[PDB]
Amino acid sequence: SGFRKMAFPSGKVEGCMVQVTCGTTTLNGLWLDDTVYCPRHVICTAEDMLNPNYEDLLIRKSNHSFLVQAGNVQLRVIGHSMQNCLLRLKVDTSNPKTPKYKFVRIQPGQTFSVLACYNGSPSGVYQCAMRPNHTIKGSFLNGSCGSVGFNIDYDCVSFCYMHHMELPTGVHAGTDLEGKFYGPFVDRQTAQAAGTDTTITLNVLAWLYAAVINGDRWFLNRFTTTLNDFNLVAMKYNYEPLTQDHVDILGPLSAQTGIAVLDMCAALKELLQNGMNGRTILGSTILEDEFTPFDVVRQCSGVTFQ
Amino acid sequence: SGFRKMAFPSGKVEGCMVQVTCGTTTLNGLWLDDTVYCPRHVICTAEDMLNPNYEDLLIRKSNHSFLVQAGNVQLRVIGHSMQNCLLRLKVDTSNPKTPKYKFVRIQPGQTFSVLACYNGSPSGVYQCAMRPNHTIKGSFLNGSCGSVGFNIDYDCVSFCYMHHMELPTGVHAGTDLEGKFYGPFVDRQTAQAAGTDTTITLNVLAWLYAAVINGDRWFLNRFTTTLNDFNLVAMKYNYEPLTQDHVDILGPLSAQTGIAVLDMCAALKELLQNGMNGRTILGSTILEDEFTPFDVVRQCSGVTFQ
Amino acid sequence: XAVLX
Amino acid sequence: XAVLX
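Residues numbered from 1 in each chain as written, not as in the entry; some residues may be left out. Chains lettered and ligands numbered in written order. Heavy atoms only, no water. Residues with missing side-chain atoms left out of burial classes, pairs and counts.

Its PDB header attributes the entry to X-ray crystallography and lists the resolution as 1.95 Å.

Chain A appears in the PDB entry as Replicase polyprotein 1ab from SARS coronavirus. Per the header of the deposited record, the title is "Crystal structure of SARS-CoV main protease with authentic N and C-termini in complex with a Michael acceptor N3".

Draft legend 1. Here's a closer look at the overall build of chain A. Summing up its helical and strand segments, chain A has eight helices and 13 strands in all. When the backbone C-alpha atoms are referred to their principal axes, chain A occupies close to 70 × 40 × 30 Å. The proportion of buried residues among the 306 residues of chain A is 56%. Long-range pairs, those at least 24 residues apart, make up 66% of the contacts in chain A between residues at least 6 apart in sequence. Total accessible area on chain A is roughly 13,100 Å²; 50% of this is exposed by carbon and sulfur atoms. If the 23 positive side-chain charges of chain A are averaged to one point and the 26 negative ones to another, these points end up 2 Å apart. (Helix = DSSP H or I, 4+ residues; strand = E, 2+ residues; numbered from the N terminus. Buried < 20%, exposed > 50% of the residue type's maximum accessible area, 1.4 Å probe, protein only. Contact = heavy atoms within 4.5 Å. Areas by Shrake-Rupley, 256 points an atom, 1.4 Å probe, with all protein chains shown as cover. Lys, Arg positive; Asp, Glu negative; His and termini not counted. Charge placed at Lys NZ, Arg CZ, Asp CG, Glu CD.)

Draft legend 2. Quick look at the pattern of salt bridges. Following the criterion strictly, the structure yields 18 salt bridges over all chains and no others. Put simply, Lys12 of chain A and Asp155 of chain A hold a salt bridge, and the shortest N to O gap is 3.2 Å. Of this pair, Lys12 of chain A sits in helix α1 (residues 11-14) while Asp155 of chain A sits in the loop between β11 (148-153) and β12 (156-166), placing them 143 residues apart in sequence. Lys5 of chain B is paired through a salt bridge with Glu288 of chain B; the nearest N and O atoms lie 2.6 Å apart. Here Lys5 of chain B is found in the segment before α1 (11-14), whereas its partner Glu288 of chain B is found in the loop between α7 (261-274) and α8 (293-299), with 283 residues between them in sequence. (Salt bridge = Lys/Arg side-chain N within 4 Å of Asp/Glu carboxyl O.)

Draft legend 3. Layout of the relation of the copies chain B and chain A. By a simple turn and slide, chain B fits onto chain A: the slide is 0.0 Å along the axis, the RMSD is 0.0 Å, and the turn is 180°. With respect to symmetry, the two chain copies, as superposed, fit the operation of a two-fold axis. For chain B, the residue whose C-alpha comes nearest the rotation axis is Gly11 of chain B, separated from it by 1.8 Å. Most of the interface of chain B is mirrored in chain A, where 100% of its interface residues are also at the interface. (Least-squares fit on C-alpha atoms.)

Draft legend 4. Main features of the interface of chain B and chain A. In this complex, chain B contributes 36 residues to the contact, which on the side of chain A involves 36 residues. Of the roughly 2,400 Å² buried at the junction of chain B and chain A (both faces included), carbon and sulfur atoms supply 49%. Among the residues of chain B in contact with chain A, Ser1, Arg4 and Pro9 of chain B are the three that bury the most area, contributing 28% of the side total. Linking chain B with chain A are two salt bridges, by the criterion used here. Between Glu290 of chain A and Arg4 of chain B there is a salt bridge whose closest N-O contact spans 2.8 Å. Seen at the junction of chain B and chain A, the total is 23 residue pairs in polar contact. Elements supplying a minimum of two residues to the side of chain B that touches chain A: α1, β10 (121-129) and α8 of chain B. At seven residues, β10 of chain B tops the list of elements feeding residues into the side of chain B that touches chain A. When grouped by side-chain class, the residues that make up the side of chain B that touches chain A number 14 nonpolar, 14 polar and eight charged. (Buried area = accessible area lost by both parts, 1.4 Å probe. Polar contact = N/O pair within 3.5 Å; in protein donor to acceptor, adjacent residues only side chain to side chain. Nonpolar A, V, L, I, M, F, W, Y, C, P; charged D, E, K, R; others polar.)

Draft legend 5. Spatial organisation of the nonpolar core. Among the nonpolar cores identified, the biggest contains 38 residues, and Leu30 and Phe159 of chain A together with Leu30 and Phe159 of chain B are the most heavily contacted of them. Elements with a minimum of two residues in this core: β2 (25-32), β9 (111-118), β11 and β12 of chain A together with β2 (25-32), β9 (111-118), β11 (148-153) and β12 (156-166) of chain B. In contact with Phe159 of chain A, not counting residues within four places along its chain, are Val13, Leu30, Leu32, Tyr101, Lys102, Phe103, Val104, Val148, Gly149, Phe150 and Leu177 of chain A. (Core = buried A, V, L, I, M, F, W, Y, C linked by side-chain atoms within 4.5 Å.)

Draft legend 6. Structural detail: the domain arrangement of chain A. Residues and elements named next belong to chain A. Considered domain by domain, chain A is made up of domain 1 (1-14 + 100-197), domain 2 (15-99) and domain 3 (198-301). Relative placement of domain 1 and domain 2: their C-alpha centres are 19 Å apart. Counting residues at the interface gives 36 residues for domain 1, matched by 27 residues for domain 2. Linking domain 1 with domain 2 are one salt bridge, by the criterion used here. Across the pair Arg40 and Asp187 runs a salt bridge, and its minimum N-O distance is 2.6 Å. (Domains from an automatic or database assignment.)

Draft legend 7. Expanded view of the packing of helix α4 (residues 227-236) of chain A against helix α7 (residues 261-274) of chain A. All names here are of chain A. Between α4 and α7, the least distance of the axes is 10 Å, while the angle of their chain directions is 25°. Looking at the two axes, α4 sits roughly parallel to α7. α4 and α7 meet at a crossing whose hand is left-handed. Seen from α4, the contacting residues are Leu227, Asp229, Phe230 and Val233; seen from α7, they are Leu262, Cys265, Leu268, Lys269, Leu272 and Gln273. (Axes fitted to C-alpha atoms, helices over the stretch in contact; angles between N-to-C directions. Parallel < 35°, antiparallel > 145°, perpendicular 65-115°, else oblique. Left-handed = near helix turned anticlockwise from the far one by under 90°.)

Draft legend 8. Inspection of the interface of chain B and chain C at higher detail. Taken together, the 19 residues of chain B in the interface contact five residues of chain C. Of all the secondary structure elements, the ones that give two or more residues to the side of chain B that touches chain C are β2 and β12 of chain B. Among the elements that line the side of chain B that touches chain C, the one with the most residues is β12 of chain B, at three residues. Its residues assigned to classes, the side of chain B that touches chain C shows eight nonpolar, eight polar and three charged. Bridging between β12 of chain B and strand β1 (residues 3-4) of chain C involves two bridges; their strand directions are antiparallel. Bridging from a neighbouring strand, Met165 of chain B pairs with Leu4 of chain C of β1 of chain C. (Pairing = 2+ DSSP bridges.)

Draft legend 9. Expanded view of unusual backbone geometry. Residue and element names in this part refer to chain A. At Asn119, a residue that is not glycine, the phi angle is positive and equals roughly 55°. Relative to the helices and strands, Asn119 resides in the loop between β9 and β10 (121-129). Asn119 sits in the exposed class, given a relative accessible area of 53%. Phi at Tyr154 is positive, roughly 60°, even though this residue is not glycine. Mapping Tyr154 onto the fold places it in the loop between β11 and β12.

Here it is, written out as structure tokens:
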């Protein structure tokens, strides 16, 4: 029993973190086989940050312009190139701790584990969701750039995020491991702002299914709703419209609990219009949206507490 | 910026998890050097669980009564003994991945990272606090016993918890790594219940200090309070009495923010009597108590956002 | 009702 | 005001 925002064990990733230095700027990089990936802004000094031309700044660097340290071991850079917003530094050694991996570009609403790192040394791990507005609500300080986000399936690490910046509202933005940003953000210190965000409806539903699997049905009701009538309430409360695809994704959870998706939507509509009246769900006083249907199946028992 | 319940990177611990089997009962064990630690109830069949005499059940076992698997490698048990509620199985191999470590018995209110494991395979990691009533609100399913809790200082793993059971309210109980339970619980399936819990006052204060360090002062006020007047409000809201020792522990945070401890207590008293009026603090609509003063200093910037 | 994990 | 980490 119980339900926690759970991250994946981080060991397979801790072994790939290194420190990359260019001039007086130091940040984290990811060492897989014979390549080190890191934010291209490592080649910027504070004055380059407002209007950097990376093509121009980079052509002025040589392989030895880059210092790569793995533990207390110096790696030697023997090649470098830019791929969108990342640099790929080829080094003379292959990481012997490289896990099986893949690079994936996750979709909004999906979740992943973040291994916060500083100076190539991992310091903490936590779970988060890619928000609909393409930012994540992480916890990062100066020196955290190059920290990565990932998911683990069996023993394959699927890397999906590299940290690059913080926006004014205190939220974070970054790229997939091909260096393409999530969202309309660019890697320069100009005026940028996260767009308006929305609650991830599919996840709130999944989490209500988790609450039932764990033995709680207080919020259910005798009603049902059409997708359309639900969406009128969703718009009013700034929730993503529910789609038929979302209803299909919730099939397994619905089958495990015996609660039809639209009947659960009716329960949600009621929680939205009436509040929780001093009550909690899985320990929370608010409707949680950072657990996907997959996160629920992963964590909850496959047997409902009837 | 940002604030998350952050766990310690789990790699150093993932390398110590193994599976221990005795008969048809399998659970997790911790392999450090040439010893494997695991819950002594691994020697129980379901019928032994209500009224097991462990001394008697154990004398009937031999070293080969125990199967220890590390990965796909079988370890051979060459000795065994009971230490309170754990078994210490001496094996013929020393774990080459053993990290520097210590066994510590943490105090109520303190926090630690849990590496949830099943069949000796780590599956997730999350942070939690040892509640005043000596339980933790974890997330555990059948097969999770033997999963451990820890903290990491530099590169030393301080193990402080091993999971043994779940109580009726869905909360969890276990032991330190000497096999002594936290709380009045015993390892048998009898009627047991967590005692009444309380909010960890020191942690709520620390978290309010974190909110200010991160740039938010909305909840502060022009008042102050005596320790005694604060405690009258604490009793009314089921918060632990504040002590002079708590006030002393909050010194550094108080100095970094320029807010006297008792003035922050006055802020808390007001939040308790008035609620948060639709507002949030560090993203939360409730007063958070699972971050210690140490957790705040670890995670927050050492420079306040004035 | 303590349940051993 | 985007701040590069």
